[PDB]
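Inspection log for the structure reproduced underneath, given as structure tokens.
Numbering of residues begins at 1 and proceeds along the displayed sequence. Computed from heavy atoms alone, side chains included, the values below leave out hydrogens, waters and symmetry copies.
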Amino acid sequence: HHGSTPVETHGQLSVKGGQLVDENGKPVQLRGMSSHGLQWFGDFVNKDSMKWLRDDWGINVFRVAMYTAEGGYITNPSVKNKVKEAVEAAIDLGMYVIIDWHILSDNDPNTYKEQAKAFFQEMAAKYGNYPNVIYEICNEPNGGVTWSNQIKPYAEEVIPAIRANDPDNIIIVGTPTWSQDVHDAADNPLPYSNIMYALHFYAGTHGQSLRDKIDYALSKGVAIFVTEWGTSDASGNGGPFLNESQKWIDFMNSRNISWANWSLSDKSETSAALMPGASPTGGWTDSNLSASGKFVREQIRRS
Ligand code: NA
Ligand code: NA
């Protein structure tokens with residue numbers, strides 16, 4: 001006997017009729033955690049903390065936020081070793097893993113598109129045969145970067161680079177305005193298989209108007225993955241806004257939208273799940289979790 005794992009249970013994921021489904025074609029919802037930036041909080045990303053999250057929080061997906069700028073991969077490519085550590089841990093543990101090319105201050109994904117293609121080609125060649133892997137090719141386009149003129153052309157360069165090596169694993173594409181404007185993507189979608197579009201919300205800033213954009217996008221037949229959300233405001237402060245977060249969690253459950261919460265770190269942001277000094281290898285009791293972490297853990301443990 002053994003504890004069943006998410007990948008053992010669900011295998012290769014795909015997008016069918018605008019919905020994430022498993023190898024049996026049955027709907028599946030991933031719920032898990034995102035790291036903070038690997039260049040700052042990578043110590044919290046390892047096989048022990050991922051196993052603890054799987055066993056104690058019930059997560060089935062873990063997202064590694066590999067920043068490009070801000071001391072990330074472009075200037076310090078050694079952070080790729082932490083991505084590889086996390087992917088290999090996810091394989092060992094039967095977990096899904098999101099490899100996130102985490103643009104932010106570099107608000108146009110085209111700025112580092114050559115590095116992105118080479119990085120994703122390497123990851124897809126090494127790990128593309130494993131069902132665990134999900135690619136997230138540009139975290140948050142922002143600042144007036146548009147879908148039709150900037151993001152979609154970027155995706156049309158990166159998707160084939162991945163697909164040449166990994167024909168079937170899911171690719172998630174960011175959307176305008178810090179991955180809010182999923183309606184723009186829905187109106188001009190990528191015509192390739194197993195593509196999803198990212199939506200990011202922060203409960204202290206975003207509410208019904210953003211849920212309305214999501215419902216519009218879903219009505220056009222595209223699939224949405226909330227690869228990042230926080231209980232704080234958009235800037236990482238305030239709250240945590242648990243009443244509004246619950247409305248968002250109930251919405252995502254109703255729409256069978258998968259999600260990852262920011263962040264698995266002890267950063268001085270109210271979205272951070274851990275108290276200062278919490279062990280980087282897991283084993284956290286209630287007192288090691290922030291107000292946000294306690295709530296998120298409870299929500300992932302629910303059915
Ligand atoms: Na594959
Ligand atoms: Na994204």
Side-chain angles (χ1 to χ4, degrees), residues 1-17 19-35 44-64 83-100 123-124 126-136 166-172 194 196 223-229 249-250 252-264 273-274 279-286 288-289 293-303:
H1 287 304
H2 61 271
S4 69
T5 72
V7 172
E8 168 185 22
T9 298
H10 295 294
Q12 182 70 36
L13 307 183
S14 70
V15 177
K16 293 292 190 310
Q19 293 292 318
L20 184 65
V21 302
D22 70 7
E23 70 183 330
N24 307 295
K26 294 188 191 166
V28 64
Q29 186 193 38
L30 304 183
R31 299 181 291 162
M33 290 300 293
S34 183
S35 71
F44 289 95
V45 179
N46 56 77
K47 190 170 173 176
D48 293 314
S49 64
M50 294 175 62
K51 180 174 181 182
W52 179 251
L53 289 166
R54 182 194 72 174
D55 290 357
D56 178 74
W57 291 37
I59 77 168
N60 56 12
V61 65
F62 192 78
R63 173 180 191 246
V64 289
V83 172
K84 291 170 73 171
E85 175 186 3
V87 173
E88 296 175 12
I91 293 162
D92 291 351
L93 296 170
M95 300 164 74
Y96 297 97
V97 58
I98 300 167
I99 303 176
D100 160 30
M123 296 295 100
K126 185 168 182 65
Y127 301 118
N129 203 47
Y130 294 94
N132 311 66
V133 174
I134 299 165
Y135 309 98
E136 181 176 359
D166 180 349
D168 54 356
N169 278 330
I170 295 167
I171 300 163
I172 305 175
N194 299 325
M196 310 182 75
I224 302 298
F225 199 127
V226 174
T227 55
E228 194 184 304
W229 70 275
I249 287 165
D250 294 347
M252 292 187 291
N253 292 348
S254 169
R255 275 62 167 165
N256 211 58
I257 293 172
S258 292
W259 54 258
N261 172 259
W262 183 276
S263 70
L264 188 81
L274 307 176
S279 168
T281 53
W284 306 301
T285 67
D286 194 66
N288 305 130
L289 305 183
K294 292 180 171 78
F295 173 83
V296 173
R297 173 182 178 277
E298 187 181 349
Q299 293 301 125
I300 301 180
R301 287 176 52 89
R302 287 181 63 192
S303 69

Let's go through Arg302 and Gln299 carefully: what are the C-alpha distance in whole Å and the side-chain angles of both, what is the deciding distance for side chain to side chain contact (heavy atoms under 4.5 Å, CB included) to 0.1 Å, and is it a yes or a no? CA-CA 5 Å; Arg302 287 181 63 192; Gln299 293 301 125; 3.5 Å; yes

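- The two residues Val61 and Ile59 make their nearest non-hydrogen contact at O-CD1, 3.5 Å.
- Between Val15 and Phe225, every side-chain heavy-atom pair lies at or beyond the 4.5 Å cut-off.
- In this structure, the side chain of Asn261 does not engage the main chain of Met33 through any donor-acceptor pair within 3.5 Å.
- Atoms CG and CD, on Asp22 and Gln12 in that order, are 10.5 Å from each other to the nearest 0.5 Å.
- Taking every heavy atom of both residues into account, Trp284 and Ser49 meet most closely at CH2-CB, 4.3 Å.
- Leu274 places a side-chain heavy atom less than 4.5 Å from the side chain of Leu289.
- No side-chain donor-acceptor contact under 3.5 Å links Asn194 to the backbone of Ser14.
- For the atom pair CG of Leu53 and CZ of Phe44, the computed distance is 11.5 Å after rounding to the nearest 0.5 Å.
- Smallest separation of non-hydrogen atoms from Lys51 and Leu93: N-CD1, 3.6 Å.
- For the side chain to side chain contact (heavy atoms under 4.5 Å, CB included) test, residues two or more places apart in sequence or in another chain that qualify with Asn60 are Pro6, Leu30.
- Between the CD1 atom in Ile134 and the OG atom in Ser258 there is a gap of 7.5 Å [rounded to 0.5 Å].
- Under the 4.5 Å side-chain criterion, counting only non-hydrogen atoms from C-beta, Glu88 is in contact with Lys126.
- The main-chain N or O of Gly282 is never found under 3.5 Å from a side-chain atom of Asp48 such that the two would form a donor-acceptor pair.
- A heavy-atom distance below 4.5 Å is not found between the side chains of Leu20 and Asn256.
- Without hydrogens or angle criteria, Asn288 side chain to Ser279 main chain gives no donor-acceptor distance under 3.5 Å.
- Contact of the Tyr130 side chain with the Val87 side chain is not registered, since no non-hydrogen atoms from C-beta on lie closer than 4.5 Å.
- For the pair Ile300/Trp259, a side-chain contact is recorded, criterion being any heavy-atom separation below 4.5 Å from C-beta on.
- More than 12 heavy atoms of other residues, nucleotides or ligands shown are found within 6.0 angstrom of NZ on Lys294.
- By the 4.5 Å heavy-atom criterion applied to side chains, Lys84 and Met123 are counted as neighbours.
- Between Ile170 atom CD1 and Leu13 atom CG the span is 5.0 Å, to the nearest 0.5 Å.
- The neighbour count for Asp168 CG, taken as heavy atoms of other residues, nucleotides or ligands under 6.0 Å away, is above 12.
- Listed here is the closest heavy atom pair of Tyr96 and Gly11: OH-O, 2.7 Å.
- Residue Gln29 comes nearest to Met252 through the heavy atom pair NE2-O, 3.8 Å, listed as atom of the first residue, atom of the second, then distance.
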Verdict with reasoning, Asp166 to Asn129, per side chain to side chain contact (heavy atoms under 4.5 Å, CB included): CA-CA 7 Å; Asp166 180 349; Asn129 203 47; over 6 Å; no

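- Within the model, atoms CG of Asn24 and OG1 of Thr9 stand 10.0 Å from one another, a figure rounded to the nearest 0.5 Å.
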Test salt bridge (charged side-chain N to carboxylate O under 4.0 Å, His left out) on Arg297 and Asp56; report intermediate values, then the result. CA-CA 8 Å; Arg297 173 182 178 277; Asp56 178 74; 2.8 Å; yes

Start with the C-alpha distance between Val83 and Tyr127, add both sets of side-chain angles, then the distance that settles side chain to side chain contact (heavy atoms under 4.5 Å, CB included), and finish with yes or no. CA-CA 11 Å; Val83 172; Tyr127 301 118; over 6 Å; no

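- Minimum heavy-atom separation, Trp262 to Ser34: CE3-OG, 3.6 Å.
- Side-chain contact check for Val28 versus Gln19: every heavy-atom pair is 4.5 Å or farther apart.
- Here CZ of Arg54 is found 9.0 Å from NZ of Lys47. Values are rounded to the nearest 0.5 Å.
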Stepwise side chain to side chain contact (heavy atoms under 4.5 Å, CB included) check, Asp100 with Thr227: CA-CA 9 Å; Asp100 160 30; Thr227 55; over 6 Å; no

